[PDB]
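Visitor: What follows is a structure written as structure tokens; I'll ask about it next.
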Amino acid sequence: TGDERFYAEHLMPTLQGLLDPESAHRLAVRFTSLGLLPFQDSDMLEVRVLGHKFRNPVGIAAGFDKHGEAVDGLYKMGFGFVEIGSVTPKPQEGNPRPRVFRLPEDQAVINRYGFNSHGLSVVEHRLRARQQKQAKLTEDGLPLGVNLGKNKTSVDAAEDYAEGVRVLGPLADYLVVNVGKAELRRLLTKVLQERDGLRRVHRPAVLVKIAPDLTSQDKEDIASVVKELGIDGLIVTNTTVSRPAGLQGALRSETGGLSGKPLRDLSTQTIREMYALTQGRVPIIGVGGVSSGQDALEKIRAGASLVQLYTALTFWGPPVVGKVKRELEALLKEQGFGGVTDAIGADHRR
Ligand SMILES: Cc1cc2nc3c(=O)[nH]c(=O)nc-3n(C[C@H](O)[C@H](O)[C@H](O)COP(=O)(O)O)c2cc1C
Ligand SMILES: Cn1nc(O)c(C(=O)Nc2c(F)c(F)c(-c3ccccc3)c(F)c2F)n1
Ligand SMILES: O=C(O)c1cc(=O)[nH]c(=O)[nH]1
Ligand SMILES: [Cl-]
Ligand SMILES: [Cl-]
Ligand SMILES: [Cl-]
């Protein structure tokens, strides 16, 4: 479309030339929350997973709406599901600024926000203000996830996550915990017990979100514990602390997590491995460097039932959401799939 080209070639490069990345993100949150925003979802794109219907498989990844300020605007942008957070138990400021950096030559970002969070109570009251509106959205195929963090100074990480389950679990369709083997088992056992203690109408799925930076041994151990405990899904992946050869941006050596195109295929290969190690029985939300329908379908074919993006929104703006969905629909037809569902995991059946 013309909007896609105008955002990508003119408006976004101009905003990014005028505004540092944190200011630009804050402006994005404000515009989105007001619905100040520039594709028809077809039956082909619907996915049923995690106990819910998803009208389309393209979600906004954690971190864009850390405090739950823009959920309704994010649905208006075209996302099939929204994940807010990470939310920590107590409010905390996060790292000193600047704490996020653009790598324009790489179509990448590095960030070290450090879990800046309004905290559980503020977010709880924010979501309560729209709780029934969300119930209707979810029923109509637009679910809500809540990503749970821990405070920097916490001495008992499992208890921080347990608090998040109790406070925000009743308002979410799924919860996310970001992640020796016995220590992971202890943590997830406690999270699942707290989840099971909520009333059935307020009882969310629980997913584990992993980094792309894990050893083979770590991945094997996670797959084992996830299957043993009955964890509902995996989110694959967070940003990378690696720095692939070939980054050109002047800021490539800043501390933090790298996202965007240089992360893309590390993430896809991590999806592929986790799908295999769980025998395709554990739903995966695939995330990392998704900017096109091809990127989305590669992750779906590798094992993802849903995908998310963030960094592509920061470079290309709101039209990228409809772009990904249109390209994904077109590729699915070209490859002979009846819908997203038939493509999930398809590379493993070659
Ligand atoms: C500025 C920024 C902040 C983020 N904060 C969070 C967060 O609070 N919790 C989380 O699980 N992931 C966070 N992420 C990771 C994203 O959810 C996602 O896993 C990662 O960026 C890869 O997707 P992308 O390449 O499409 O950006 C953040 C990413 C960015 C760029
Ligand atoms: C690291 N980093 N760098 C950036 O420029 C951003 C960001 O969020 N940009 C950003 C922006 F500046 C916008 F104006 C919209 C935006 C939002 C609503 C309507 C129009 C434009 C946006 F989606 C964005 F992602 N993050
Ligand atoms: O807040 C952050 O720094 C943050 C959290 C997270 O989970 N991933 C990321 O890239 N940054
Ligand atoms: Cl920058
Ligand atoms: Cl360097
Ligand atoms: Cl680092």
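Labels used: A, B, ... for chains in the order of the structure tokens, numbers from 1 for residues in each chain, and numbers from 1 for ligands as shown.
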Taking only C-alpha atoms and all ligand atoms into account, report as a count of residues only which residues have an atom no farther than 9 Å from an atom of ligand 3.

Guide: 30

Visitor: Could you report the residues within 8 Å of ligand 4, using only C-alpha atoms and all ligand atoms, as JSON, numbers by chain?

Guide: {"A": [20, 21, 100, 101, 102, 103, 251]}

Visitor: Based on the selection just made, write C-alpha atoms of those residues as a PDB file, in the first residue's frame.

Guide:
ATOM      1  CA  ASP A  20      15.901   9.456  20.325  1.00  0.00           C
ATOM      2  CA  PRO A  21      14.498   5.907  20.551  1.00  0.00           C
ATOM      3  CA  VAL A 100      18.070   1.823  24.103  1.00  0.00           C
ATOM      4  CA  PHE A 101      19.966   2.269  20.838  1.00  0.00           C
ATOM      5  CA  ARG A 102      19.106   1.984  17.125  1.00  0.00           C
ATOM      6  CA  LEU A 103      21.328   0.076  14.638  1.00  0.00           C
ATOM      7  CA  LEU A 251      26.346   1.271  18.601  1.00  0.00           C
TER       8      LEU A 251
END

Visitor: Could you name the residues that touch range 130-144 of chain A at 7 Å or less, counting only C-alpha atoms, but leaving out those on the same chain fewer than 6 positions away, as a ChimeraX atom specification?

Guide: /A:53-55,80-83,171-174

Visitor: Quick one: DSSP strand (DSSP E) residues in range 25-175 of chain A, as a ChimeraX atom specification?

Guide: /A:47-49,52-54,58-60,81-87,100-103,108-111,144-148,174-175

Visitor: Store the residues picked out above, limited to N, CA, C and O atoms, as a short mmCIF file (atom, residue, chain, number, x, y, z; two decimals), in the first residue's frame.

Guide:
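For reference, again.cif as written:
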data_model
loop_
_atom_site.label_atom_id
_atom_site.label_comp_id
_atom_site.auth_asym_id
_atom_site.auth_seq_id
_atom_site.Cartn_x
_atom_site.Cartn_y
_atom_site.Cartn_z
N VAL A 47 -6.32 -19.16 14.40
CA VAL A 47 -5.65 -20.25 15.10
C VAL A 47 -6.33 -20.51 16.42
O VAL A 47 -6.62 -19.57 17.17
N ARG A 48 -6.54 -21.78 16.75
CA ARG A 48 -7.05 -22.16 18.06
C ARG A 48 -5.96 -22.84 18.86
O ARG A 48 -5.55 -23.96 18.52
N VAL A 49 -5.51 -22.19 19.93
CA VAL A 49 -4.41 -22.70 20.73
C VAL A 49 -4.51 -22.06 22.11
O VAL A 49 -5.13 -21.01 22.27
N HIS A 52 -7.80 -20.80 23.44
CA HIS A 52 -8.43 -19.60 22.92
C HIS A 52 -8.46 -19.60 21.40
O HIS A 52 -7.74 -20.34 20.74
N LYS A 53 -9.32 -18.73 20.86
CA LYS A 53 -9.32 -18.40 19.45
C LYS A 53 -8.49 -17.15 19.22
O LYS A 53 -8.66 -16.16 19.92
N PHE A 54 -7.63 -17.18 18.19
CA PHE A 54 -6.85 -16.02 17.77
C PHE A 54 -7.26 -15.68 16.35
O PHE A 54 -6.98 -16.45 15.43
N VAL A 58 -0.61 -12.86 14.44
CA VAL A 58 0.42 -11.83 14.57
C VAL A 58 0.16 -11.00 15.83
O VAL A 58 -0.76 -10.20 15.84
N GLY A 59 1.01 -11.14 16.87
CA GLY A 59 0.85 -10.41 18.11
C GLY A 59 1.91 -9.34 18.33
O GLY A 59 2.95 -9.37 17.68
N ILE A 60 1.67 -8.40 19.24
CA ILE A 60 2.70 -7.44 19.63
C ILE A 60 3.48 -8.07 20.79
O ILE A 60 2.89 -8.51 21.77
N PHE A 81 -3.41 -10.59 18.90
CA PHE A 81 -3.35 -10.76 20.36
C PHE A 81 -2.30 -9.77 20.86
O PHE A 81 -1.46 -9.30 20.08
N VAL A 82 -2.41 -9.42 22.13
CA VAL A 82 -1.57 -8.40 22.73
C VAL A 82 -0.92 -8.98 23.97
O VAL A 82 -1.61 -9.59 24.78
N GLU A 83 0.39 -8.77 24.14
CA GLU A 83 1.07 -9.17 25.36
C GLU A 83 1.64 -7.92 26.02
O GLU A 83 2.38 -7.17 25.37
N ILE A 84 1.26 -7.63 27.26
CA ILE A 84 1.81 -6.48 27.99
C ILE A 84 2.89 -6.95 28.95
O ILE A 84 3.06 -8.14 29.19
N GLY A 85 3.67 -6.01 29.48
CA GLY A 85 4.76 -6.34 30.38
C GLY A 85 6.12 -6.22 29.71
O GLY A 85 6.17 -5.78 28.53
N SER A 86 7.19 -6.64 30.41
CA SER A 86 7.13 -7.34 31.73
C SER A 86 6.70 -6.43 32.89
O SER A 86 7.07 -5.25 32.91
N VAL A 87 5.83 -6.95 33.79
CA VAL A 87 5.41 -6.21 34.99
C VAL A 87 6.14 -6.78 36.22
O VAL A 87 6.09 -7.98 36.46
N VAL A 100 18.53 2.49 25.33
CA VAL A 100 18.07 1.82 24.10
C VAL A 100 18.75 2.55 22.93
O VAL A 100 18.98 3.76 22.97
N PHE A 101 19.10 1.79 21.91
CA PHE A 101 19.97 2.27 20.84
C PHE A 101 19.52 1.66 19.52
O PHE A 101 19.29 0.46 19.46
N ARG A 102 19.42 2.49 18.47
CA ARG A 102 19.11 1.98 17.13
C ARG A 102 20.38 1.60 16.37
O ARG A 102 21.44 2.23 16.54
N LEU A 103 20.29 0.52 15.58
CA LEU A 103 21.33 0.08 14.64
C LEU A 103 20.67 0.15 13.27
O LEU A 103 20.19 -0.86 12.74
N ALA A 108 18.16 -3.23 13.30
CA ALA A 108 18.22 -3.84 14.63
C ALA A 108 18.14 -2.76 15.71
O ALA A 108 18.32 -1.56 15.44
N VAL A 109 17.95 -3.23 16.95
CA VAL A 109 17.93 -2.41 18.16
C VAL A 109 18.70 -3.15 19.24
O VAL A 109 18.66 -4.39 19.33
N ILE A 110 19.32 -2.39 20.14
CA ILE A 110 19.86 -2.97 21.38
C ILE A 110 19.19 -2.23 22.54
O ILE A 110 19.10 -0.99 22.51
N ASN A 111 18.72 -2.98 23.55
CA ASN A 111 18.07 -2.29 24.66
C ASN A 111 18.55 -2.87 25.98
O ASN A 111 18.83 -4.07 26.12
N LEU A 144 -5.48 -11.63 25.41
CA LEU A 144 -4.53 -10.78 26.13
C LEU A 144 -3.55 -11.64 26.94
O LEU A 144 -3.98 -12.50 27.75
N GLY A 145 -2.25 -11.39 26.79
CA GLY A 145 -1.25 -12.05 27.61
C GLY A 145 -0.60 -11.03 28.53
O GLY A 145 -0.51 -9.84 28.20
N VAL A 146 -0.10 -11.51 29.65
CA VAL A 146 0.60 -10.67 30.61
C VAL A 146 1.96 -11.31 30.90
O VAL A 146 2.02 -12.45 31.37
N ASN A 147 3.02 -10.57 30.65
CA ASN A 147 4.37 -11.06 30.91
C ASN A 147 4.82 -10.57 32.31
O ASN A 147 4.77 -9.38 32.59
N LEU A 148 5.27 -11.50 33.16
CA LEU A 148 5.57 -11.22 34.55
C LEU A 148 7.07 -11.18 34.80
O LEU A 148 7.77 -12.11 34.43
N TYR A 174 -3.27 -15.55 29.07
CA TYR A 174 -2.08 -16.32 29.36
C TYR A 174 -1.07 -15.44 30.09
O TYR A 174 -1.09 -14.21 29.99
N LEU A 175 -0.24 -16.11 30.88
CA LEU A 175 0.83 -15.48 31.62
C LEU A 175 2.15 -15.96 31.05
O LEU A 175 2.23 -17.10 30.56
#

Visitor: Between atom 7 (C, counted along the ligand's line) of ligand 1 and CA of residue 328 in chain A, measure the distance and give it in Å to one decimal.

Guide: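 Between atom 7 (C, counted along the ligand's line) of ligand 1 and CA of residue 328 in chain A the gap works out to 25.7 Å.
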
Visitor: Name all residues at most 8 Å from range 22-30 of chain A (count only C-alpha atoms; drop same-chain ones fewer than 5 positions away) and give them as an MDAnalysis selection string.

Guide: chainID A and resid 15:16 64:65 69:70 98:100 314

Visitor: Which residues sit within 8 Å of ligand 5, counting only C-alpha atoms and all ligand atoms, listed as a ChimeraX atom specification?

Guide: /A:250-253

Visitor: Taking C-alpha atoms for each residue, export the selection above as an mmCIF file, in the first residue's frame.

Guide:
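Below is the file that was written, selection.cif:
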data_model
loop_
_atom_site.group_PDB
_atom_site.id
_atom_site.type_symbol
_atom_site.label_atom_id
_atom_site.label_comp_id
_atom_site.auth_asym_id
_atom_site.auth_seq_id
_atom_site.Cartn_x
_atom_site.Cartn_y
_atom_site.Cartn_z
ATOM 1 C CA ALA A 250 28.136 2.298 15.358
ATOM 2 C CA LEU A 251 26.346 1.271 18.601
ATOM 3 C CA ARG A 252 26.772 -2.500 18.078
ATOM 4 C CA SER A 253 28.933 -2.849 21.234
#

Visitor: Please, what distance in Å, to one decimal, runs between CA of residue 105 in chain A and CA of residue 269 in chain A?

Guide: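 So the two atoms, CA of residue 105 in chain A and CA of residue 269 in chain A, lie 23.5 Å apart.
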
Visitor: As a ChimeraX atom specification, please: every residue in range 71-120 of chain A that DSSP puts in helix (DSSP H, G or I).

Guide: /A:71-76,104-106,120

Visitor: Considering only C-alpha atoms and all ligand atoms, state which residue in the set A:157, A:284, A:50, A:321 is at the smallest distance from ligand 2.

Guide: A:321

Visitor: From the set A:338, A:181, A:61, A:89, which residue has the shortest atom-to-atom contact distance to residue 290 in chain A, counting only C-alpha atoms?

Guide: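 Of the candidates, the smallest distance to residue 290 in chain A is held by A:61.
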
Visitor: Which one is closest to residue 344 in chain A: A:310, A:162, A:296, A:73? Count only C-alpha atoms.

Guide: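 Smallest distance to residue 344 in chain A is found for A:296.
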
Visitor: Excluding same-chain residues fewer than 5 positions from residue 188 in chain A, what lies within 9 Å of it counting only C-alpha atoms, as a PyMOL selection string?

Guide: chain A and resi 158+177+183+193+208+225-226+229+231

Visitor: Given the choices A:335, A:278, A:121, A:311, which gets closest to ligand 2 if the distance is worked out from only C-alpha atoms and all ligand atoms?

Guide: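 Selected residue with least distance to ligand 2: A:311.
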
Visitor: Taking into account only C-alpha atoms, which residue in the set A:10, A:264, A:5, A:272 is nearest to residue 288 in chain A?

Guide: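 For residue 288 in chain A, the nearest of the given residues is A:264.
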
Visitor: Of the candidates A:216, A:40, A:237, A:279, which one gets nearest to ligand 1 if we count only C-alpha atoms and all ligand atoms?

Guide: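 Smallest separation from ligand 1 among the options: A:237.
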
Visitor: Residues near residue 330 in chain A, anyone? I mean within 12 Å using only C-alpha atoms, not counting same-chain ones fewer than 3 positions away, as a list in words.

Guide: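 Counting only C-alpha atoms, the residues come to residues 42, 44, 45, 292, 293, 294, 296, 297, 323, 324, 325, 326, 327, 333, 334, 335, 336, 337, 338, 339 and 340 of chain A.
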